[PDB]
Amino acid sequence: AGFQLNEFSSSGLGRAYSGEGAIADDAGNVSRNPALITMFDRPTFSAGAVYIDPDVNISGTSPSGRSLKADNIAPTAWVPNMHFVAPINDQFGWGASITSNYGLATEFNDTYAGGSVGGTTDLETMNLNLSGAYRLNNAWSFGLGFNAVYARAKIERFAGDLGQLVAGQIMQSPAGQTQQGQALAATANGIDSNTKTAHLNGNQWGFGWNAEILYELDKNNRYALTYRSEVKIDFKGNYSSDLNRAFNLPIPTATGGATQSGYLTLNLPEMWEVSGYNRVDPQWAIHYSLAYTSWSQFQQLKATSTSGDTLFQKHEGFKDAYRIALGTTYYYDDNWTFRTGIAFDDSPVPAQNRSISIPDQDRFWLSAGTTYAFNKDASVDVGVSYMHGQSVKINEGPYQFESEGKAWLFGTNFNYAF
């Protein structure tokens, strides 16, 4: 998953988010799978957070001989979640929740030789969801939900050695000797590492909806199909570039540092997910899922000026991708519950499109969790998950890098009910 997040509950973390639309042992699940609402016969609560500790690294050498060693470019994060589910009557119930389905944060040193293709990239996302559900009969249930997505993002790029590279090019071609071509490679080579090559930031809201059909063969077996609509966010922020208005080459529009309104449309992929849950035995349940995310909808990142011109652009060309997950839950005794999960979700970025801003790659999830219930009305969820990613090669601009990533997740949630 590119800039997607799966941390909506601590229970799901311990089970590697496998079959999340077919399980409902705690309120956290109905946040992304509405129909599960008809699985609760009483007001239920849950709140907590997942701490993410990534270890992402970039390596390589610039044509300028300088090092492209970006060490630990992914900051640690806390992704909170909060859930409420309540029955209206015997046929209807609803739910509310706050979670985060998208996010990203990559930051290099502004003196990094790769400044032009990697400086600072941040995307914070908050999703407010109000849902409702209807239970046709003992087998079928229907869930509808509306979402309010808030997103704050900030992109800033610099110039690593581009000045030295272009200046070195201007001094290798015939136009080198020219007292004009040299006063050109003296200016180019002049630009410092930390020279804000671009700056975009802004906040905005997007809206979307959910639909799920839950089918249960019985009290111990059910399967489900859920639709998560795409969400477009039309930002309206601030753009600028410290490069002299003169420089206006495949460079972002220079504004001599001045700021001007900027417009950008972020496309958050829609999602389809089929899942099942099998309570094979009084104490064991098996849960699995396949998720299809159409990252195709995220074709680019283009910034427009009020006038309509392009101030900043970056091709992304993402392809739809799948996430596969298998896990099991051990309902030990009235007090203890244990869970494991393994999962694999392949990155939607084609090798040809990879960039150091989203050091993304195929991922392996291995996870474990436990749940202590204090009395059937209160419980705590503790989950842990290990993430390791495929190491890949990146060709961006004149540079060539190589990145690898691994991450650890710890999460805690407290549950309550009446």
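Numbering starts at 1 and follows the sequence shown.
Going from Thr306 to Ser307, the model skips none of the deposited residues; the chain is continuous there.
Set 276-284 against 85-93 and average the Cα temperature factors; 85-93 ends up higher.
For the segment pair 312-320 and 76-84, the entry gives 312-320 the higher mean B-factor, averaged over Cα atoms. The entry lists C-alpha B-factors for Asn221, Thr125, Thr187, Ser116, and the highest of these is at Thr187. Annotation for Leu214, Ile191, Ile98, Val231: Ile191 ranks highest, by Cα B-factor.
Sort the chain's modelled residues by C-alpha temperature factor and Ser391 lands in the highest third, per the entry.
Ranked by Cα temperature factor within the chain, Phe40 sits in the highest third according to the deposited record.
In this PDB entry, the Cα temperature factor of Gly143 sits in the middle third of its chain's modelled residues. In the deposited entry, the Cα temperature factor of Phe414 places it in the lowest third of its chain's modelled residues. Ranked within its chain, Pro250 lands in the highest third, by CA B factor from the PDB record.
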